[PDB]
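Below: one structure, written as structure tokens.
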Amino acid sequence: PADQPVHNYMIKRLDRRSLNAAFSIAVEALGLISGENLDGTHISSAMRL
Amino acid sequence: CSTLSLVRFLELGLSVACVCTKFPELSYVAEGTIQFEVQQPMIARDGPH
């Protein structure tokens, strides 16, 4: 007699992980970037760059 | 109730002693020294120095 074409089956599980990193900003160099108080010459200065 | 009579510094008298000027980025640039000398006068004494 002939043979029937078998086929398989499997169930795989997702194994979960996570990686994380971080940095930090100084309080001194904080107000130099965001704050819109710097009017005329402190927007294009060397310290802000 | 009672109010809080505010007082301005520039409208005081002591303001004559000091020149006040706002320096926004100082706390950042305060990491190093500023270090400016001033002067010293000198008489022209006779005889070769």
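Chains as they are written, first to last, in the UniProt record's numbering: chain A, 100 to 148; chain B, 51 to 99.
The beta carbon of each residue, even a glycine, is placed where N, CA and C say it ideally should be.
Handout entry: Under the three-state DSSP convention, the category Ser65 of chain B falls into
Key = Correct three-state label for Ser65 of chain B: helix.
Exercise for the section: Using three-state DSSP, classify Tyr108 of chain A as helix, strand or coil. Expected result: coil
Practice task
Kindly indicate which three-state DSSP category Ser77 of chain B falls into: helix, strand or coil?
Solution key: helix
Handout entry: Cβ pair count under 8 Å reaching 3, the segment 111-119 of chain A against the segment 128-142 of chain A
Key = no
Problem - CB contact below 9 Å: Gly130 of chain A versus chain B - result: yes
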